[PDB]
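Visitor: sequence? don't have it. structure:
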């Protein structure tokens, strides 16, 4: 059916990240941040993405 | 004595900016964005800075 | 005192308390120090007493992780 309002928000947020980062095209990485922020795997057996400090450091260290 | 809540929050928000920018360290501009979000000049003709997305556009001109 | 091999583990344990932003070092962080990285010579994890003792050291690592996620706080300023 649809890309969903949920992702209209995530992808637009990814676009905001691109502006923050001075990058002209949307990076999948920026999608990972916008995406992760919406999601939350709150299992007692948590798999919820490690928060932003670990996520960002590892992102900055990519390649 | 202390930075208080006032600057505690600013510096903590500056860290949030690192996550937004993929910056391994807090930058003076991150401090400014955070500072601009919380601080204003309380005068009879009170003023505040343009929102930080507009400000970030200016930040990106330097380096 | 401690030699370098023990100090490495002890250092890792304290580091792990900070990796989990916890105010104090707990036995769980030390157990986590025992299982850091897959480097065979590490008696605390791979060429260990555990395998010789007929136990699964990765399963044990899952136990350790299950315990690490139960640490009550990860607050930055309170850490260490």
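Guide: Sure, I can see it. Residues are numbered from 1 along each chain as shown, chains lettered A, B, ... in the order given.

Visitor: For chain C, which residues are neighbours of chain A?
Guide: By C-beta under 8 Å from any C-beta of the partner chain, the residues of chain C that approach chain A are C:66, C:69. Placement of C-beta: from N, CA and C, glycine included.

Visitor: Quick check: the gap between the closest residue to chain A within chain C and residue A:55.
Guide: Proximity of chain C to chain A (C-beta to the nearest C-beta) peaks at residue C:69, 5.6 Å away. Note on residue C:69: its distance to residue A:55, by C-beta to C-beta, to the nearest Å, is 17 Å.

Visitor: Compare these two and say which is more crowded by neighbours.
Guide: Shown here are residue C:69 and residue A:55; by other C-beta atoms under 10 Å in any protein chain shown, residue A:55 has more neighbours (17 against 13).

Visitor: any idea which residue sits dead centre in chain C?
Guide: residue C:32 (1.5 Å; C-alpha atoms, centre = their mean).

Visitor: likewise chain A?
Guide: residue A:33 (1.8 Å).

Visitor: residues touching it, list them.
Guide: If a contact means C-beta atoms under 8 Å, 6 or more residues apart in numbering or on different chains, then residue A:33 has A:14, A:17, A:52, A:55, A:56, A:59, B:19 as its contacts.

Visitor: let's go with 10 Å and repeat that
Guide: Residues near residue A:33 by C-beta atoms under 10 Å, 6 or more residues apart in numbering or on different chains: A:10, A:13-14, A:17, A:20-21, A:27, A:49, A:52, A:55-56, A:59, B:19-20, B:22.

Visitor: ditto for residue C:48
Guide: Counting by C-beta under 10 Å, 6+ apart, residue C:48 makes contact with C:34, C:35, C:40, C:42, C:55, C:57, C:60.

Visitor: Inside helices: which ones of those residues?
Guide: Residues of those located in helices (DSSP state H): C:34, C:57, C:60.

Visitor: Excluding chain neighbours, give the residue nearest to the second one in space.
Guide: It stands for residue C:57. Counting by C-beta to C-beta, 6 or more residues apart in numbering or on different chains, residue C:57 lies nearest to residue C:50, which is 4.5 Å off, once chain neighbours are set aside.

Visitor: so the one you found is in which element?
Guide: Following DSSP states H and E, one finds residue C:50 within helix C:49-52.
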